[PDB]
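Visitor: This structure is in structure tokens; I'll ask about it shortly.
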2 protein chains.
Amino acid sequence: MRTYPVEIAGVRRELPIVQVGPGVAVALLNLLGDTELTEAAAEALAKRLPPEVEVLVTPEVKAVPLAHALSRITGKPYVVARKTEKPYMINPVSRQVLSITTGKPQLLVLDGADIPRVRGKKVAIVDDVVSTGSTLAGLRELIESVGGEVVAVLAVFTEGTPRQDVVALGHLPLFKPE
Amino acid sequence: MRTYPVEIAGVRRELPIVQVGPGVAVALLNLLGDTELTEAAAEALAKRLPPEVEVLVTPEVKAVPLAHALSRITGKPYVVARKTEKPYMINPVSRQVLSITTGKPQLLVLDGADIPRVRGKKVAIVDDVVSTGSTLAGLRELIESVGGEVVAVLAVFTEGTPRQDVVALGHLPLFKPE
């Protein structure tokens, strides 16, 4: 395809399909700026949030709105991991991740200020689209290295091969890249 | 004194005083991870958002939670402009800017997909702390060059210099770094 149509919690959109590798096509989700879809995806996921989760962690800047809206509906705080160290950080813990996009070295970074918020806590990862499990595996290694246990993974979409323990609101198929 | 007290609409916080420059400390405000404080600042600013504003534009990742909450409260859409070009963007428009603290080159980027959301519309720039205005005149010119009209600047705090063309909820001084 060229754009992939999809409807999530009653909100209708047409996701663009773009080349992401050798010649790879995936439908691109962007919640950044989409107040409506953000709030819908969040109200739907909050209902399917295991009550034992105490804290939310998100790796992507695009899912910060979903993580914030999710935090407000559930009352559970949320933590933001970044791709590099930021001047506001304290004694960040970093974990290295290699990409599918370019195969370049990537970092996943946790603010040192957020450790008392992860340590001893049951964590749910929150992402906009959870893919194969390369950055996913690294985020939980990051979280678990500072004291948290990942007990759930939430997203808007699952992608590629259909996992079982993600709480998603839909699944996107892989496409022929044209 | 290692921290600066602050109060927003009944939410009390104590901001760490941390060093940002050669001889300078600032009170650190971070809405990423503070759901309670974000929602408070957004309720207070909605009350003070000039009613002719049709769109909210923010340049910082750190104020994305406030821009989103603000868009939910007021019903007006929100735009996130970035510091580099991103893979989701379509036909991006850019602007040159010299930052402060880094004092090195910065870029300000508006997604082309965001120009219809700004062209011909009355705009509010949204930020978490307006200190310098390195990005304030550069962001305003980027917006006005594609058709937008900047009619307001919103923020939680002004810093150092008490800007007057800003709608803020408080003012933060500079500190001497122990």
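Every chain in the structure tokens takes a letter, A first, then B, and so on in the order presented; its residues are numbered from 1, and the ligands are numbered from 1 following the presented order.
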Quick one: residues within 8 Å of residue 42 of chain A, only C-alpha atoms counted, chain neighbours fewer than 2 positions away excluded, as a PyMOL selection string?
Guide: chain A and resi 38-40+44-46+66-67+69-70+73
Visitor: Got time to write the residues from that selection, N, CA and C atoms, as a compact mmCIF listing (two decimals), in the first residue's frame?
Guide:
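The result, stored in out28.txt:
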```txt
# COMPACT_ATOMS: atom_id res chain seq x y z
N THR A 38 -4.43 10.69 20.76
CA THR A 38 -3.63 10.48 21.96
C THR A 38 -4.56 10.17 23.12
N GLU A 39 -5.62 10.96 23.22
CA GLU A 39 -6.52 10.82 24.36
C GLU A 39 -7.38 9.56 24.23
N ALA A 40 -7.71 9.19 23.00
CA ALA A 40 -8.47 7.98 22.77
C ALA A 40 -7.62 6.75 23.06
N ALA A 44 -8.28 4.02 26.25
CA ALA A 44 -8.51 2.63 25.92
C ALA A 44 -7.49 1.72 26.57
N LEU A 45 -6.26 2.21 26.69
CA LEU A 45 -5.19 1.43 27.29
C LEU A 45 -5.27 1.48 28.81
N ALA A 46 -5.80 2.57 29.35
CA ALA A 46 -5.88 2.69 30.80
C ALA A 46 -6.79 1.62 31.40
N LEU A 66 1.02 10.33 25.18
CA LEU A 66 0.28 9.15 25.56
C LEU A 66 0.66 8.76 26.98
N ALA A 67 1.93 8.88 27.31
CA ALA A 67 2.37 8.56 28.65
C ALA A 67 1.85 9.55 29.68
N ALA A 69 -1.01 11.37 29.30
CA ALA A 69 -2.45 11.19 29.38
C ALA A 69 -2.75 9.91 30.14
N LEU A 70 -1.86 8.94 29.99
CA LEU A 70 -2.04 7.67 30.66
C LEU A 70 -1.81 7.84 32.15
N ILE A 73 -5.04 9.48 33.74
CA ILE A 73 -6.21 8.63 33.82
C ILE A 73 -6.04 7.59 34.92
```
Visitor: For chain B, list the residues within 8 Å of chain A, counting only C-alpha atoms, and write the list as a list in words.
Guide: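 Applying the cut-off to the listed atoms yields residues 28, 32, 33, 34, 35, 36, 61, 64, 65, 68, 71, 72, 77, 78, 79, 80 and 88 of chain B.
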Visitor: For the residues in the current selection, export N, CA, C and O atoms as a PDB file, in the first residue's frame.
Guide:
```
ATOM      1  N   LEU B  28      15.534  24.503  38.416  1.00  0.00           N
ATOM      2  CA  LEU B  28      15.256  23.527  37.362  1.00  0.00           C
ATOM      3  C   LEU B  28      13.799  23.147  37.353  1.00  0.00           C
ATOM      4  O   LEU B  28      13.288  22.627  38.325  1.00  0.00           O
ATOM      5  N   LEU B  32       8.400  16.867  32.212  1.00  0.00           N
ATOM      6  CA  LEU B  32       8.510  15.461  31.834  1.00  0.00           C
ATOM      7  C   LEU B  32       8.560  14.589  33.065  1.00  0.00           C
ATOM      8  O   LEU B  32       9.606  14.556  33.720  1.00  0.00           O
ATOM      9  N   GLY B  33       7.463  13.884  33.369  1.00  0.00           N
ATOM     10  CA  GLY B  33       7.392  13.074  34.576  1.00  0.00           C
ATOM     11  C   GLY B  33       6.595  13.700  35.714  1.00  0.00           C
ATOM     12  O   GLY B  33       6.307  13.047  36.720  1.00  0.00           O
ATOM     13  N   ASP B  34       6.261  14.980  35.592  1.00  0.00           N
ATOM     14  CA  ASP B  34       5.426  15.605  36.618  1.00  0.00           C
ATOM     15  C   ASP B  34       3.996  15.783  36.063  1.00  0.00           C
ATOM     16  O   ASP B  34       3.663  16.834  35.506  1.00  0.00           O
ATOM     17  N   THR B  35       3.162  14.751  36.177  1.00  0.00           N
ATOM     18  CA  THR B  35       1.822  14.875  35.627  1.00  0.00           C
ATOM     19  C   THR B  35       0.974  15.914  36.390  1.00  0.00           C
ATOM     20  O   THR B  35       0.297  16.743  35.778  1.00  0.00           O
ATOM     21  N   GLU B  36       1.111  15.948  37.707  1.00  0.00           N
ATOM     22  CA  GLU B  36       0.323  16.823  38.564  1.00  0.00           C
ATOM     23  C   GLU B  36       0.649  18.301  38.275  1.00  0.00           C
ATOM     24  O   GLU B  36      -0.241  19.141  38.168  1.00  0.00           O
ATOM     25  N   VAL B  61      10.889  20.048  23.986  1.00  0.00           N
ATOM     26  CA  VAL B  61      10.447  18.695  24.182  1.00  0.00           C
ATOM     27  C   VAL B  61       9.929  18.661  25.579  1.00  0.00           C
ATOM     28  O   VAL B  61       9.009  17.917  25.887  1.00  0.00           O
ATOM     29  N   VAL B  64       6.258  19.678  25.919  1.00  0.00           N
ATOM     30  CA  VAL B  64       5.312  18.875  25.159  1.00  0.00           C
ATOM     31  C   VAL B  64       4.162  18.416  26.052  1.00  0.00           C
ATOM     32  O   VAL B  64       3.009  18.424  25.637  1.00  0.00           O
ATOM     33  N   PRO B  65       4.463  18.016  27.288  1.00  0.00           N
ATOM     34  CA  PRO B  65       3.297  17.677  28.110  1.00  0.00           C
ATOM     35  C   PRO B  65       2.340  18.844  28.384  1.00  0.00           C
ATOM     36  O   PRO B  65       1.129  18.632  28.442  1.00  0.00           O
ATOM     37  N   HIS B  68       0.296  19.619  25.113  1.00  0.00           N
ATOM     38  CA  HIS B  68      -0.759  18.626  24.935  1.00  0.00           C
ATOM     39  C   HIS B  68      -1.913  18.790  25.893  1.00  0.00           C
ATOM     40  O   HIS B  68      -3.054  18.602  25.516  1.00  0.00           O
ATOM     41  N   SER B  71      -3.891  21.690  24.867  1.00  0.00           N
ATOM     42  CA  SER B  71      -4.687  21.430  23.698  1.00  0.00           C
ATOM     43  C   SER B  71      -5.949  20.639  24.078  1.00  0.00           C
ATOM     44  O   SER B  71      -6.986  20.787  23.423  1.00  0.00           O
ATOM     45  N   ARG B  72      -5.871  19.847  25.156  1.00  0.00           N
ATOM     46  CA  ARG B  72      -7.001  19.036  25.599  1.00  0.00           C
ATOM     47  C   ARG B  72      -7.985  19.909  26.338  1.00  0.00           C
ATOM     48  O   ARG B  72      -9.183  19.796  26.171  1.00  0.00           O
ATOM     49  N   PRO B  77      -5.684  22.948  18.545  1.00  0.00           N
ATOM     50  CA  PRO B  77      -4.643  21.984  18.171  1.00  0.00           C
ATOM     51  C   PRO B  77      -3.275  22.475  18.611  1.00  0.00           C
ATOM     52  O   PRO B  77      -3.119  23.664  18.885  1.00  0.00           O
ATOM     53  N   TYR B  78      -2.288  21.591  18.657  1.00  0.00           N
ATOM     54  CA  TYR B  78      -0.943  22.016  19.034  1.00  0.00           C
ATOM     55  C   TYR B  78       0.145  21.478  18.119  1.00  0.00           C
ATOM     56  O   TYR B  78       0.073  20.339  17.628  1.00  0.00           O
ATOM     57  N   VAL B  79       1.167  22.314  17.910  1.00  0.00           N
ATOM     58  CA  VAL B  79       2.280  21.979  17.021  1.00  0.00           C
ATOM     59  C   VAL B  79       3.580  21.942  17.781  1.00  0.00           C
ATOM     60  O   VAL B  79       3.899  22.855  18.544  1.00  0.00           O
ATOM     61  N   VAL B  80       4.376  20.923  17.491  1.00  0.00           N
ATOM     62  CA  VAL B  80       5.681  20.767  18.116  1.00  0.00           C
ATOM     63  C   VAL B  80       6.739  21.013  17.063  1.00  0.00           C
ATOM     64  O   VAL B  80       6.869  20.257  16.117  1.00  0.00           O
ATOM     65  N   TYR B  88       9.624  11.436  10.275  1.00  0.00           N
ATOM     66  CA  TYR B  88       8.184  11.517  10.040  1.00  0.00           C
ATOM     67  C   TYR B  88       7.796  12.789   9.327  1.00  0.00           C
ATOM     68  O   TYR B  88       6.687  12.905   8.801  1.00  0.00           O
TER      69      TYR B  88
END
```
Visitor: Produce the least-squares-superposed copy of chain A, fitted on chain B over all in-order C-alpha pairs, as a short mmCIF file (atom, residue, chain, number, x, y, z; two decimals) with C-alpha atoms, in the first residue's frame.
Guide:
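selection-v9.cif, written as the output of this step:
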```cif
data_model
loop_
_atom_site.label_atom_id
_atom_site.label_comp_id
_atom_site.auth_asym_id
_atom_site.auth_seq_id
_atom_site.Cartn_x
_atom_site.Cartn_y
_atom_site.Cartn_z
CA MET A 1 20.52 28.61 46.68
CA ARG A 2 20.66 24.88 45.81
CA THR A 3 17.03 24.08 45.23
CA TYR A 4 14.44 26.76 44.60
CA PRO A 5 11.04 26.26 46.15
CA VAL A 6 7.97 27.35 44.26
CA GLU A 7 4.21 26.75 44.14
CA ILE A 8 2.16 26.88 41.00
CA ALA A 9 -1.63 26.61 40.96
CA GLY A 10 -1.48 24.96 44.37
CA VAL A 11 1.14 22.36 43.37
CA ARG A 12 4.29 22.54 45.47
CA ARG A 13 7.77 21.68 44.21
CA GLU A 14 11.41 22.28 44.85
CA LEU A 15 13.30 23.11 41.66
CA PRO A 16 16.99 22.19 41.45
CA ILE A 17 19.54 24.96 40.76
CA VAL A 18 22.24 24.02 38.22
CA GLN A 19 25.26 25.54 36.40
CA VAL A 20 24.37 26.50 32.82
CA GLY A 21 27.25 28.70 31.54
CA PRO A 22 30.56 30.33 32.57
CA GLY A 23 29.25 29.97 36.09
CA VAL A 24 25.48 30.52 35.89
CA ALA A 25 22.71 29.33 38.17
CA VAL A 26 19.07 28.77 37.15
CA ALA A 27 16.30 26.65 38.67
CA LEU A 28 15.45 23.74 36.43
CA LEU A 29 11.85 22.91 35.54
CA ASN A 30 10.88 19.49 34.27
CA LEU A 31 7.31 18.69 33.37
CA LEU A 32 8.32 15.48 31.69
CA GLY A 33 6.82 12.85 33.97
CA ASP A 34 4.96 15.29 36.27
CA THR A 35 1.38 14.64 35.43
CA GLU A 36 0.10 16.64 38.40
CA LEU A 37 2.03 19.90 37.81
CA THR A 38 1.43 19.59 34.06
CA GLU A 39 -2.31 19.49 34.50
CA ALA A 40 -2.32 22.29 37.06
CA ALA A 41 -0.08 24.60 35.04
CA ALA A 42 -2.27 23.90 32.03
CA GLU A 43 -5.66 24.55 33.67
CA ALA A 44 -4.27 27.82 35.01
CA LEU A 45 -2.91 28.98 31.69
CA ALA A 46 -6.01 27.96 29.75
CA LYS A 47 -8.00 30.49 31.77
CA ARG A 48 -5.54 33.19 30.75
CA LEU A 49 -5.53 32.19 27.06
CA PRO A 50 -6.58 35.00 24.69
CA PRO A 51 -9.66 33.70 22.87
CA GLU A 52 -8.31 34.88 19.50
CA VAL A 53 -5.48 32.37 19.52
CA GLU A 54 -6.32 29.53 17.13
CA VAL A 55 -3.17 27.29 17.45
CA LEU A 56 -0.37 26.52 19.88
CA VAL A 57 3.31 25.98 19.06
CA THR A 58 5.89 24.50 21.35
CA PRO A 59 9.66 24.07 20.69
CA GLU A 60 10.49 21.89 23.67
CA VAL A 61 9.84 18.16 24.16
CA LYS A 62 9.44 18.79 27.87
CA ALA A 63 6.41 21.01 27.26
CA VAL A 64 4.64 18.63 24.96
CA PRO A 65 2.56 17.43 27.94
CA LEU A 66 1.59 21.00 28.76
CA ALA A 67 0.83 21.71 25.13
CA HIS A 68 -1.31 18.58 24.87
CA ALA A 69 -3.18 19.28 28.10
CA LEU A 70 -3.60 22.86 26.98
CA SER A 71 -4.99 21.73 23.68
CA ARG A 72 -7.60 19.56 25.43
CA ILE A 73 -8.81 22.23 27.81
CA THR A 74 -9.05 24.95 25.17
CA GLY A 75 -10.05 22.87 22.15
CA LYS A 76 -7.33 24.54 20.11
CA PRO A 77 -4.87 22.32 18.23
CA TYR A 78 -1.16 22.34 19.04
CA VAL A 79 1.97 22.07 16.89
CA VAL A 80 5.35 20.65 17.89
CA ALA A 81 8.61 22.06 16.55
CA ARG A 82 11.72 19.91 17.01
CA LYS A 83 15.42 20.47 17.33
CA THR A 84 16.34 18.47 14.20
CA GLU A 85 14.50 16.97 11.24
CA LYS A 86 12.63 13.78 11.97
CA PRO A 87 11.87 10.96 9.55
CA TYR A 88 8.09 11.65 9.73
CA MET A 89 8.55 15.19 8.50
CA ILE A 90 7.65 16.25 4.99
CA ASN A 91 9.46 19.36 3.82
CA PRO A 92 10.43 20.97 7.08
CA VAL A 93 11.39 24.55 7.49
CA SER A 94 14.38 25.12 9.69
CA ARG A 95 15.65 28.15 11.49
CA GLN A 96 19.04 28.43 13.19
CA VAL A 97 19.44 29.35 16.83
CA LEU A 98 22.62 29.79 18.91
CA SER A 99 22.51 28.64 22.54
CA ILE A 100 23.15 30.12 25.97
CA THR A 101 23.86 26.61 27.25
CA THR A 102 26.88 26.01 24.99
CA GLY A 103 26.79 28.74 22.32
CA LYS A 104 26.60 25.92 19.75
CA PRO A 105 24.52 26.07 16.61
CA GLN A 106 20.95 24.90 17.21
CA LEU A 107 18.05 24.33 14.85
CA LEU A 108 14.36 24.90 15.37
CA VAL A 109 12.42 22.78 12.94
CA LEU A 110 8.84 22.87 11.76
CA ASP A 111 7.30 19.87 10.03
CA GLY A 112 6.13 20.73 6.50
CA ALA A 113 2.92 18.95 7.43
CA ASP A 114 2.20 21.65 10.01
CA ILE A 115 2.19 24.61 7.65
CA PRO A 116 -1.55 24.44 6.83
CA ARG A 117 -1.97 24.54 10.62
CA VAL A 118 0.06 27.73 11.05
CA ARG A 119 -0.51 29.60 7.83
CA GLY A 120 -3.12 32.37 8.26
CA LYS A 121 -3.51 31.52 11.93
CA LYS A 122 -2.98 33.47 15.14
CA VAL A 123 -0.41 31.61 17.20
CA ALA A 124 0.45 31.39 20.85
CA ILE A 125 3.88 30.02 21.66
CA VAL A 126 3.85 27.60 24.56
CA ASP A 127 6.98 26.82 26.52
CA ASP A 128 7.81 25.56 29.97
CA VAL A 129 10.23 28.36 30.79
CA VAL A 130 10.77 31.40 28.59
CA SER A 131 14.18 32.90 29.09
CA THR A 132 15.87 35.93 27.42
CA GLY A 133 14.49 35.71 23.90
CA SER A 134 17.08 34.08 21.64
CA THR A 135 15.23 30.87 20.87
CA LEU A 136 12.00 32.77 21.33
CA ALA A 137 12.90 35.20 18.61
CA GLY A 138 13.86 32.34 16.34
CA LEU A 139 10.68 30.37 16.95
CA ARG A 140 8.51 33.30 15.99
CA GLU A 141 10.69 33.93 12.95
CA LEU A 142 10.11 30.32 12.10
CA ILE A 143 6.33 30.64 12.67
CA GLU A 144 5.99 33.95 10.87
CA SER A 145 8.03 32.70 7.92
CA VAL A 146 5.35 30.14 7.16
CA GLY A 147 2.33 32.41 7.67
CA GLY A 148 1.39 32.60 11.34
CA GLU A 149 1.25 35.68 13.57
CA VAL A 150 2.45 35.26 17.11
CA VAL A 151 -0.13 36.97 19.31
CA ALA A 152 0.75 35.51 22.73
CA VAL A 153 3.53 33.63 24.49
CA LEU A 154 2.67 31.28 27.33
CA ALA A 155 4.90 29.55 29.88
CA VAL A 156 5.11 28.24 33.41
CA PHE A 157 7.84 30.67 34.24
CA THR A 158 9.48 33.80 33.04
CA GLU A 159 13.20 33.93 33.70
CA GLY A 160 15.89 36.59 34.22
CA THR A 161 14.57 40.09 33.40
CA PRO A 162 10.77 40.27 33.92
CA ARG A 163 9.00 40.65 30.59
CA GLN A 164 5.50 42.06 30.22
CA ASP A 165 3.76 40.14 27.49
CA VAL A 166 4.33 36.63 28.53
CA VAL A 167 1.44 34.82 30.16
CA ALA A 168 3.28 32.98 32.93
CA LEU A 169 2.17 31.55 36.26
CA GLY A 170 5.27 32.66 38.15
CA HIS A 171 8.71 34.20 37.65
CA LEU A 172 12.06 32.81 38.64
CA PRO A 173 14.85 35.01 39.89
CA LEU A 174 18.39 34.62 38.76
CA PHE A 175 20.74 33.27 41.40
CA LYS A 176 24.33 33.57 42.59
CA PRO A 177 25.98 30.41 41.30
CA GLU A 178 27.98 29.61 44.47
#
```
Visitor: From a backbone DSSP assignment, name each residue in segment 2-173 of chain A labelled helix (DSSP H, G or I), as a ChimeraX atom specification.
Guide: /A:35-46,61-74,112-117,135-146
Visitor: Could you save the residues just selected, with C-alpha atoms, as a PDB file, in the first residue's frame?
Guide:
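This went into out.pdb:
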```
ATOM      1  CA  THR A  35      -4.498  15.394  20.753  1.00  0.00           C
ATOM      2  CA  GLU A  36      -7.602  13.428  19.767  1.00  0.00           C
ATOM      3  CA  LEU A  37      -5.957  10.058  18.968  1.00  0.00           C
ATOM      4  CA  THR A  38      -3.631  10.480  21.961  1.00  0.00           C
ATOM      5  CA  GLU A  39      -6.516  10.818  24.358  1.00  0.00           C
ATOM      6  CA  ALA A  40      -8.472   7.976  22.771  1.00  0.00           C
ATOM      7  CA  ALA A  41      -5.540   5.565  22.676  1.00  0.00           C
ATOM      8  CA  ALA A  42      -4.839   6.453  26.292  1.00  0.00           C
ATOM      9  CA  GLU A  43      -8.375   6.005  27.655  1.00  0.00           C
ATOM     10  CA  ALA A  44      -8.506   2.628  25.922  1.00  0.00           C
ATOM     11  CA  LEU A  45      -5.189   1.433  27.289  1.00  0.00           C
ATOM     12  CA  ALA A  46      -5.882   2.690  30.805  1.00  0.00           C
ATOM     13  CA  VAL A  61       9.383  11.526  22.582  1.00  0.00           C
ATOM     14  CA  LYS A  62       6.385  10.850  20.355  1.00  0.00           C
ATOM     15  CA  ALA A  63       4.680   8.852  23.100  1.00  0.00           C
ATOM     16  CA  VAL A  64       5.211  11.377  25.826  1.00  0.00           C
ATOM     17  CA  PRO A  65       1.656  12.664  25.212  1.00  0.00           C
ATOM     18  CA  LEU A  66       0.283   9.153  25.564  1.00  0.00           C
ATOM     19  CA  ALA A  67       2.373   8.557  28.649  1.00  0.00           C
ATOM     20  CA  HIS A  68       1.199  11.823  30.196  1.00  0.00           C
ATOM     21  CA  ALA A  69      -2.454  11.194  29.376  1.00  0.00           C
ATOM     22  CA  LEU A  70      -2.044   7.669  30.663  1.00  0.00           C
ATOM     23  CA  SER A  71      -0.570   8.940  33.866  1.00  0.00           C
ATOM     24  CA  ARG A  72      -3.555  11.253  34.422  1.00  0.00           C
ATOM     25  CA  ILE A  73      -6.208   8.626  33.823  1.00  0.00           C
ATOM     26  CA  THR A  74      -4.538   5.977  35.975  1.00  0.00           C
ATOM     27  CA  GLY A 112      19.576   9.506  37.547  1.00  0.00           C
ATOM     28  CA  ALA A 113      16.762  11.473  39.132  1.00  0.00           C
ATOM     29  CA  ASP A 114      14.312   8.785  38.039  1.00  0.00           C
ATOM     30  CA  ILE A 115      15.913   5.874  39.842  1.00  0.00           C
ATOM     31  CA  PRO A 116      13.952   6.304  43.112  1.00  0.00           C
ATOM     32  CA  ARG A 117      10.907   6.163  40.819  1.00  0.00           C
ATOM     33  CA  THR A 135      15.054  -1.455  21.693  1.00  0.00           C
ATOM     34  CA  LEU A 136      12.439  -3.146  23.831  1.00  0.00           C
ATOM     35  CA  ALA A 137      14.961  -5.585  25.190  1.00  0.00           C
ATOM     36  CA  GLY A 138      17.362  -2.759  25.885  1.00  0.00           C
ATOM     37  CA  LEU A 139      14.795  -0.590  27.645  1.00  0.00           C
ATOM     38  CA  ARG A 140      13.909  -3.360  30.050  1.00  0.00           C
ATOM     39  CA  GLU A 141      17.590  -4.077  30.600  1.00  0.00           C
ATOM     40  CA  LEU A 142      17.929  -0.420  31.388  1.00  0.00           C
ATOM     41  CA  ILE A 143      14.912  -0.498  33.763  1.00  0.00           C
ATOM     42  CA  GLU A 144      15.874  -3.751  35.437  1.00  0.00           C
ATOM     43  CA  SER A 145      19.465  -2.585  35.913  1.00  0.00           C
ATOM     44  CA  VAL A 146      18.261   0.155  38.223  1.00  0.00           C
TER      45      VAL A 146
END
```
